[PDB]
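Q: The structure under discussion is supplied below as structure tokens; questions concerning it will follow.
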Amino acid sequence: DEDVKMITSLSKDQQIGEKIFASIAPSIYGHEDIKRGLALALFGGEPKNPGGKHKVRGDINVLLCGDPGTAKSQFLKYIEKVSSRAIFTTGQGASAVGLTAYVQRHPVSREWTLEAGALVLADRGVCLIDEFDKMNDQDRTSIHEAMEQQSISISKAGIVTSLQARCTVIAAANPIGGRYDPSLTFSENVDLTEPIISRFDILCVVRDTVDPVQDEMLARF
Amino acid sequence: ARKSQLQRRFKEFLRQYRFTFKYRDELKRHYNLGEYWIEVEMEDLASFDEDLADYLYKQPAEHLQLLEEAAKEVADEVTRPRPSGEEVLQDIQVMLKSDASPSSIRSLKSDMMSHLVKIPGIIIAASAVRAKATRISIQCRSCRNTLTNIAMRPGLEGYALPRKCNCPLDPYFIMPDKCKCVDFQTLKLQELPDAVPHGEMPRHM
Ligand SMILES: Nc1ncnc2c1ncn2[C@@H]1O[C@H](COP(=O)(O)OP(=O)(O)OP(=O)(O)O)[C@@H](O)[C@H]1O
Ligand SMILES: [Mg+2]
Ligand SMILES: [Zn+2]
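Respectively, the protein sequence lines represent chains 2 and 5. The first sequence begins at 458 in the authors' numbering and counts up by one. Residue numbers for the second sequence, in the authors' numbering: 26 to 43, 51 to 198, 207 to 245.
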């Protein structure tokens, strides 16, 4: 009860937005724009559907592309910690939670189960993807259909189902050559395809230019 | 004794509920078309008489049989001038329906044993339809005596053949050509993905 009053009092502050922006990722130095974009993604928007014909989503997907050593994974870990319903996965492989639905007997419970992908488990939540450029064909197709149609269709072992996958996707990636080239466009610097990139609302580019003062401050931290 | 009175009450409810006789006409039409099954909305039963509706919630096994017998008697009384050849009165299955909100599958515990429950879920496996006996007959090895029309209990419950002949012990065998069978099937249900707790495995039934 008093929490609502405290929140309303905090909203009356003139610098509440700046405080919220600075609050995200206390242990990460710099990258104010990244934190602001992540705050905007976390707060989200509002979906619309005039009648039952035109559906417009309200989720803000975020993609970060950066050189090695720029602490891309720390942001994902912090977002996973903060978010109430967050599912973390990596495209390299051997992930705890898969990205494709399948029907199998569970190794532990020894029961016949239908295990959905991380996209379905993150319904009305957040899905974080690390190593976005190492994925295979199945993961790419599943992500494409989950981002365009916002649903997953399964036809396996006599089971035909359609499941909702309303989630916000935050992905991390590295350039093709290991270092971003300003002379080339963003599409040419990433192994991803144009339709996949077009889905993301916010694209962030991180570089590793040698600034002595910034490097000194980072080393001190 | 009193169960006969309850069956009579169910008969009166079926014959009297209405400003048109819904269940009477529905049963007549279903019997005429050959579909020996009806669906009963428990709100109508509660409106007609709250006692039987309350009773059905706690002891479904016996009251369901009483209701089935009452429905069979009602169907027999409605269809007096049945065509020649169709003298046999066939049994009728009774289904239940209600508008009450469902309960989560995770709430199933010991206290809900042998009670009536409503559960949402998703089906993941369906076995083939097979046959289960309802009335069976047995024959003895030595004297060839016969016991006929033995009633079988519903559900996943077996039967034990008698060991004493009224001759060697355990002389009875089942005759396959003199039995009545019905269709049964087994299904697998899984917890809805929209209701599973975060970071926890789903449960099945
Ligand atoms: N701004 C920063 N503030 C604090 N530590 C930082 C910062 N930038 C990088 N680091 C440190 O750099 C190290 C590199 O590991 P980290 O997992 O963060 O890398 P990464 O950017 O995800 O790299 P990769 O491209 O290999 O996946 C970490 O220990 C992290 O603490
Ligand atoms: Mg990393
Ligand atoms: Zn005998």
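By construction, the Cβ of each residue, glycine as well, lies at the ideal position given by its N, Cα and C atoms.
1) Distance check for residue 175 (chain 5) and residue 208 (chain 5), CA to CA, integer angstroms please.
2) Could you tell me whether any Cβ in chain 2 is nearer than 8 Å to the Cβ of residue 241 (chain 5)?
3) In chain order, what residues of the segment 616 to 647 of chain 2 put their CB closer than 9 Å to some CB of chain 5?
4) According to the neighbour-count rule (16 or more other Cβ atoms, all chains shown, within 10 Å of its Cβ), is residue 90 (chain 5) buried or exposed?
5) Would you list the residues whose beta-carbon is nearer than 6 Å to any heavy atom of ligand 1, in the order they occur in the chain?
6) May I have all residues whose beta carbon comes closer than 6 Å to any heavy atom of ligand 3, sorted in chain order?
7) Tell me whether residue 590 (chain 2), by its Cβ, gets closer than 7 Å to a heavy atom of ligand 5.
8) Name the chain 2 residues whose beta carbon is nearer than 8 Å to that of residue 233 (chain 5)?
9) Are residue 228 (chain 5) and residue 168 (chain 5) close, meaning C-beta to C-beta below 8 Å?
10) For a cutoff of 8 Å on Cβ pairs, would you count residue 420 (chain 2) as touching chain 5?
11) Relative to chain 2, which residues along the segment 138 to 164 of chain 5 have a C-beta separation below 9 Å, given in chain order?
12) So the candidates are 197 (chain 5), 26 (chain 5), 110 (chain 5), 216 (chain 5); which of them puts its Cα closest to the Cα of residue 59 (chain 5)?
13) With a threshold of 7 Å, establish whether the CB of residue 587 (chain 2) neighbours any heavy atom of ligand 2.
14) To the nearest angstrom, report how far apart residue 41 (chain 5) and residue 86 (chain 5) are at their CA atoms.
15) Evaluate the contact criterion for the segment 522 to 536 of chain 2 versus the segment 616 to 636 of chain 2: three or more CB pairs, one atom per stretch, below 8 Å.
16) Are the Cβ atoms of residue 75 (chain 5) and residue 127 (chain 5) separated by less than 8 Å?
17) Residue 153 (chain 5): buried (16+ other C-beta within 10 angstroms of its C-beta) or exposed?
18) Using a Cβ-Cβ cut-off of 8 Å, state whether residue 225 (chain 5) counts as contacting chain 2.
19) Taking 8 Å as the threshold (beta carbon to beta carbon), is residue 446 (chain 2) in contact with chain 5?
20) Whole alpha helix (DSSP H) runs in the segment 503 to 582 of chain 2 with 4 or more residues, listed along the chain?
21) Let me see if you follow: with CB-CB separation under 8 Å, is residue 218 (chain 5) close to chain 2 or not?
22) Residue 671 (chain 2) to residue 659 (chain 2), Cα distance in whole Å?
23) Going by C-alpha to C-alpha distance, which of 51 (chain 5), 55 (chain 5), 101 (chain 5) sits closest to residue 30 (chain 5)?
24) So is residue 451 (chain 2) buried or exposed if we call it buried at 16+ other beta carbons inside 10 Å?
25) Within a Cβ cutoff of 6 Å, which residues of the same chain sit near residue 243 (chain 5), ignoring the five residues on either side of it in sequence?
26) Determine the contact status of residue 557 (chain 2) and residue 574 (chain 2), defining contact as a CB-CB distance below 8 Å.
27) Starting from residue 164 (chain 5), trace the beta strand (DSSP E) both ways and give me its first and last residue.
28) Please identify the residue among 664 (chain 2), 567 (chain 2), 576 (chain 2) whose C-alpha is closest to the C-alpha of residue 607 (chain 2).
29) Taking only the alpha-carbon atoms, compute the straight-line gap between residue 590 (chain 2) and residue 518 (chain 2) and give it to the nearest angstrom.
30) Tell me the rounded alpha-carbon separation between residue 94 (chain 5) and residue 54 (chain 5).
31) Pop quiz: residue 544 (chain 2) and residue 579 (chain 2) are said to be a contact at Cβ under 8 Å. What is the actual Cβ separation, rounded to whole angstroms?
32) At what residue ranges does the segment 587 to 640 of chain 2 contain a whole run of the beta strand (DSSP E), taking only runs of 3 or more?
33) Tell me the residue span of the alpha helix (DSSP H) that contains residue 464 (chain 2).
34) Can you tell me the Cα-Cα spacing of residue 460 (chain 2) and residue 470 (chain 2), whole angstroms?
A: This is what the structure gives:
1) 10 Å
2) yes
3) 616, 618, 620, 621
4) exposed
5) 485 (chain 2), 486 (chain 2), 487 (chain 2), 525 (chain 2), 526 (chain 2), 527 (chain 2), 528 (chain 2), 529 (chain 2), 530 (chain 2), 531 (chain 2), 631 (chain 2), 675 (chain 2), 678 (chain 2)
6) 172 (chain 5), 174 (chain 5), 175 (chain 5), 177 (chain 5), 197 (chain 5), 207 (chain 5), 211 (chain 5)
7) Among the ligands modelled here, namely ligand 1, ligand 2 and ligand 3, ligand 5 does not occur.
8) 573, 577, 578, 580, 620
9) no
10) For residue 420 (chain 2) there is no data in the structure shown, the boundaries of chain 2 being 458 and 678.
11) 154, 155, 156, 157, 158
12) 110 (chain 5)
13) yes
14) 19 Å
15) yes
16) no
17) buried
18) no
19) No answer is possible for residue 446 (chain 2): the residues shown for chain 2 start at 458 and end at 678.
20) 529 to 539, 575 to 578
21) no
22) 25 Å
23) 101 (chain 5)
24) With chain 2 represented from 458 up to 678, any question about residue 451 (chain 2) goes unanswered, as that position is not in the structure.
25) 231
26) yes
27) 162 to 172
28) 576 (chain 2)
29) 16 Å
30) 25 Å
31) 4 Å
32) 608 to 613, 616 to 621, 624 to 630
33) 459 to 468
34) 16 Å
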